[PDB]
Amino acid sequence: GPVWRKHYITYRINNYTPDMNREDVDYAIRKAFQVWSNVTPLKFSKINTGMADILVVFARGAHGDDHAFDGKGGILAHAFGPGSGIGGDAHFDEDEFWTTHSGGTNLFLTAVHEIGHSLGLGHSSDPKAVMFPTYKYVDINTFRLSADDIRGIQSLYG
Ligand SMILES: COc1ccc(S(=O)(=O)N(CCO[C@@H]2O[C@H](CO)[C@@H](O)[C@H](O)[C@H]2O)CC(=O)NO)cc1
Ligand SMILES: [Ca+2]
Ligand SMILES: [Ca+2]
Ligand SMILES: [Ca+2]
Ligand SMILES: [Zn+2]
Ligand SMILES: [Zn+2]
């Protein structure tokens, strides 16, 4: 389906989870965008003001769209495919406990998956893929896209 028809993509962090240090939220999101720019022609830039292509939001329960969150556990986040308005936006369930590590739910790993959706990717049936619909923590310091993730994104861009 939809893809971004431009190379320079902006994102904006709407608000910050209290579960984490601010700089750590910024870093996790930045690093997750970098995963995808590594393998596509895309460039991502954080803006502090105005309309971004991808708005990053932390919210709980009903939060103004048709994708109400479900408390701790279950659904961790959801994102919209490329497009105007809410298109591209990535929402993270504040009822989760977001972290930089193996405790709680890892923000980086989740954001890699969510940004995949923000770029136009669907789910994969390969448990090795980051786009597989089940969260499983892997060491983030050595994380890598599966071949499936790479062929999926490269089918959309580059
Ligand atoms: C590693 O990063 C994540 C791993 C799991 C989740 S998750 O929060 O646990 N999660 C899984 C459930 O997804 C469902 O999967 C179905 C089968 O394809 C789809 O029909 C449906 O649209 C989709 O919501 C919702 C998700 O994928 N958000 O993007 C979120 C991020
Ligand atoms: Ca939840
Ligand atoms: Ca948007
Ligand atoms: Ca939280
Ligand atoms: Zn939402
Ligand atoms: Zn998903």
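Every read-out reported here was derived from the displayed coordinates using simple, explicitly stated rules and does not represent laboratory data. Heads up, the Cβs are rebuilt from the backbone with ideal geometry, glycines too, and the neighbour counts pull from every protein chain shown.
Please express the Cα-Cα pair-distance distribution P(r) of the stretch 98-158 as a list of whole percents, one per 5 Å bin, running from 0 to the bin with the greatest distance.
Result returned by the calculation: 4, 19, 30, 25, 14, 6, 1, 0.
By per-residue mean of other Cβ atoms within 10 Å, what is the highest-first order of 113-119, 146-152, 70-76, 92-98?
By packing density, highest mean first, the sequence is 113-119, 92-98, 146-152, 70-76.
Which of these, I54, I140, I13, has the largest mean-square fluctuation under a Gaussian network model of the chain (Cα springs below 10 Å)?
Result: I140 has the largest fluctuation of those listed.
With only alpha-carbon atoms counted, please give the Rg and Dmax of the stretch 46-118, in Å.
Just the Cα atoms of the stretch 46-118 yield Rg and Dmax of 12.2, 35 Å.
Residues with beta-carbon under 11 Å from that of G71, excluding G71: net charge, scoring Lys, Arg +1 and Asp, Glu -1? Don't jump to the answer; show the numbers that get you there.
On the way: positive: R60, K72; negative: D70, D93, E94, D95, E96.
Within the 11 Å Cβ shell, the charges total -3.
According to a simple spin-label model (label point 7 Å from Cα along Cα-to-Cβ), what is the distance in nm between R30 and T100?
Spacing of the two 7 Å Cα→Cβ label points: 1.2 nm.
I'd like the distance separating the alpha-carbon centroids of the stretch 6-30 and the stretch 49-84, in whole Å.
When both Cα centres are located, 14 Å separates them.
Pick out which of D89, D53, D26 has the largest mean-square fluctuation in a Gaussian network model of the chain, springs linking Cα atoms closer than 10 Å.
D26
Please report the orientation-averaged projected area of the chain, defined via the convex hull of its C-alpha atoms, in nm².
8.6
How large is the helix-only mean residue ellipticity at 222 nm for the chain, computed as the sum of -39500 (n - 2.57) over DSSP H runs with n ≥ 4, divided by its residue count, in deg cm²/dmol to the nearest 500?
Rounded to the nearest 500, it is -7500 deg cm²/dmol.
Place a point 7 Å from the Cα of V138 along the Cα-to-Cβ direction; which residues of the stretch 19-46 have their backbone N under 18 Å from it?
31-40
Roughly what % antiparallel, to the nearest 5, for the DSSP beta bridges in the chain?
Working: 3 of 16 bridges.
About 20 percent, rounded to the nearest 5.
Excluding same-chain residues fewer than 8 positions from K43, which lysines have a Cα within less than 18 Å of its Cα?
Result set, ordered by chain and number: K6, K31.
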